[PDB]
Amino acid sequence: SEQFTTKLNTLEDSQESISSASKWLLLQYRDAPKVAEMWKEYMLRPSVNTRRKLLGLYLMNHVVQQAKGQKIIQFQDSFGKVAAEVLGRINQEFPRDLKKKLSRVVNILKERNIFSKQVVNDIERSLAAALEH
């Protein structure tokens, strides 16, 4: 629902506040397919700063990380799909500093087995493409 954008637009730059938001976003699993699309648009919105995009990335990470604990594939699969594309694209805007921070998020998604091997491979491929172009 629109509650995603409510928490996203009011998303504060702090892990505590980010987790607090994601706690409620776990209830959006019914519309997760659409939430991921909203997240995608946000991440690929030119009116959003690269810092604010990374902040949004942090929010997603918390949601799917908790979804991993809650075993909610509605978030894992949905966000994984769009993440494969987004993560590659936004690295063309992110500076080296924020690109490193991004790669840390990716490492978490992989190492914690949050996203499937298919999704991870798709991410890594798009990341390589981002490095190439």
# chains A, B, ... in the order shown; residues from 1 in each chain; ligands from 1
$ select_by_dssp --residues "region 86-127 of chain A" --states "helix (DSSP H, G or I)" --output "number ranges by chain"
A: 86-90, 96-111, 117-127
$ residues_around --residues "residue 109 (chain A)" --least-positions-apart "2" --cutoff "12 Å" --atoms "only C-alpha atoms" --output "ChimeraX atom specification"
/A:57-58,60-68,76,79-80,83-84,102-107,111-117,119-121,123-124
$ write_last_selection --atoms "N, CA and C atoms" --output "short mmCIF file (atom, residue, chain, number, x, y, z; two decimals), in the first residue's frame"
data_model
loop_
_atom_site.label_atom_id
_atom_site.label_comp_id
_atom_site.auth_asym_id
_atom_site.auth_seq_id
_atom_site.Cartn_x
_atom_site.Cartn_y
_atom_site.Cartn_z
N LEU A 57 18.18 2.25 -0.10
CA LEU A 57 18.79 0.93 -0.19
C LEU A 57 18.90 0.27 1.18
N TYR A 58 19.30 1.06 2.17
CA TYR A 58 19.42 0.57 3.54
C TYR A 58 18.07 0.08 4.06
N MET A 60 15.45 -1.07 2.27
CA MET A 60 15.18 -2.34 1.60
C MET A 60 15.95 -3.48 2.26
N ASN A 61 17.23 -3.25 2.51
CA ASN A 61 18.08 -4.27 3.13
C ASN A 61 17.48 -4.76 4.44
N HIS A 62 17.01 -3.82 5.26
CA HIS A 62 16.43 -4.16 6.55
C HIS A 62 15.14 -4.95 6.39
N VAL A 63 14.34 -4.58 5.39
CA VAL A 63 13.08 -5.25 5.12
C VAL A 63 13.30 -6.70 4.73
N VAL A 64 14.21 -6.92 3.78
CA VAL A 64 14.46 -8.26 3.25
C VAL A 64 15.28 -9.09 4.22
N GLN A 65 16.08 -8.42 5.04
CA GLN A 65 16.82 -9.08 6.11
C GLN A 65 15.87 -9.62 7.17
N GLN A 66 14.90 -8.81 7.57
CA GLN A 66 13.85 -9.25 8.48
C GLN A 66 12.94 -10.28 7.81
N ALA A 67 12.69 -10.09 6.52
CA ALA A 67 11.91 -11.05 5.75
C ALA A 67 12.60 -12.41 5.71
N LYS A 68 13.93 -12.39 5.66
CA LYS A 68 14.71 -13.62 5.75
C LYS A 68 14.49 -14.32 7.08
N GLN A 76 11.65 -11.04 -0.44
CA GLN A 76 12.92 -11.56 -0.94
C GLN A 76 12.94 -11.61 -2.46
N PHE A 79 11.98 -7.77 -4.15
CA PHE A 79 13.07 -6.81 -4.06
C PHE A 79 14.30 -7.32 -4.80
N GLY A 80 14.53 -8.63 -4.75
CA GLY A 80 15.63 -9.25 -5.47
C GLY A 80 15.53 -8.98 -6.96
N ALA A 83 16.22 -5.27 -7.54
CA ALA A 83 17.55 -4.93 -7.04
C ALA A 83 18.62 -5.23 -8.07
N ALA A 84 18.46 -6.34 -8.78
CA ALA A 84 19.42 -6.75 -9.80
C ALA A 84 19.64 -5.64 -10.83
N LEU A 102 27.33 0.47 -0.98
CA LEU A 102 26.39 -0.38 -1.70
C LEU A 102 26.85 -1.83 -1.72
N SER A 103 28.12 -2.04 -2.04
CA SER A 103 28.67 -3.38 -2.15
C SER A 103 28.61 -4.12 -0.81
N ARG A 104 28.66 -3.35 0.28
CA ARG A 104 28.50 -3.92 1.61
C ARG A 104 27.09 -4.47 1.81
N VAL A 105 26.10 -3.73 1.33
CA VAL A 105 24.72 -4.20 1.35
C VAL A 105 24.56 -5.48 0.54
N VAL A 106 25.17 -5.51 -0.64
CA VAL A 106 25.13 -6.69 -1.50
C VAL A 106 25.76 -7.89 -0.81
N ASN A 107 26.90 -7.66 -0.16
CA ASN A 107 27.59 -8.72 0.56
C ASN A 107 26.71 -9.31 1.66
N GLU A 111 25.77 -13.12 1.76
CA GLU A 111 26.37 -13.91 2.83
C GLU A 111 25.30 -14.42 3.79
N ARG A 112 24.26 -13.62 3.99
CA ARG A 112 23.18 -13.98 4.91
C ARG A 112 22.12 -14.81 4.21
N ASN A 113 22.35 -15.12 2.94
CA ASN A 113 21.43 -15.94 2.16
C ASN A 113 20.03 -15.32 2.13
N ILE A 114 19.98 -14.00 2.03
CA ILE A 114 18.71 -13.29 1.99
C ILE A 114 18.07 -13.38 0.61
N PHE A 115 18.86 -13.12 -0.43
CA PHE A 115 18.42 -13.30 -1.80
C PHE A 115 18.91 -14.62 -2.37
N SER A 116 18.14 -15.19 -3.30
CA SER A 116 18.47 -16.48 -3.88
C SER A 116 19.72 -16.39 -4.76
N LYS A 117 20.32 -17.54 -5.03
CA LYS A 117 21.52 -17.60 -5.85
C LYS A 117 21.28 -17.00 -7.23
N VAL A 119 19.12 -14.53 -7.92
CA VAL A 119 19.09 -13.09 -7.73
C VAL A 119 20.49 -12.53 -7.53
N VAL A 120 21.27 -13.19 -6.67
CA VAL A 120 22.63 -12.75 -6.38
C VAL A 120 23.49 -12.73 -7.63
N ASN A 121 23.38 -13.78 -8.44
CA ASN A 121 24.12 -13.87 -9.69
C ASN A 121 23.71 -12.76 -10.65
N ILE A 123 22.47 -9.86 -9.74
CA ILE A 123 23.03 -8.64 -9.16
C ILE A 123 24.51 -8.49 -9.52
N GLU A 124 25.28 -9.54 -9.28
CA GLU A 124 26.72 -9.50 -9.50
C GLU A 124 27.05 -9.22 -10.96
#
$ residues_around --residues "residue 36 (chain A)" --least-positions-apart "4" --cutoff "10 Å" --atoms "only C-alpha atoms" --output "list in words"
residues 4, 31, 32, 40, 41, 42, 60, 74, 75, 76, 77, 78, 79, 80, 81, 82 and 83 of chain A
$ atom_distance --atom1 "CA of residue 50 (chain A)" --atom2 "CA of residue 94 (chain A)"
6.0 Å
$ atom_distance --atom1 "CA of residue 11 (chain A)" --atom2 "CA of residue 55 (chain A)"
8.0 Å
$ residues_around --residues "residue 89 (chain A)" --least-positions-apart "2" --cutoff "10 Å" --atoms "only C-alpha atoms" --output "list in words"
residues 43, 44, 83, 84, 85, 86, 87, 91, 92, 93, 94, 126, 127, 129, 130 and 133 of chain A
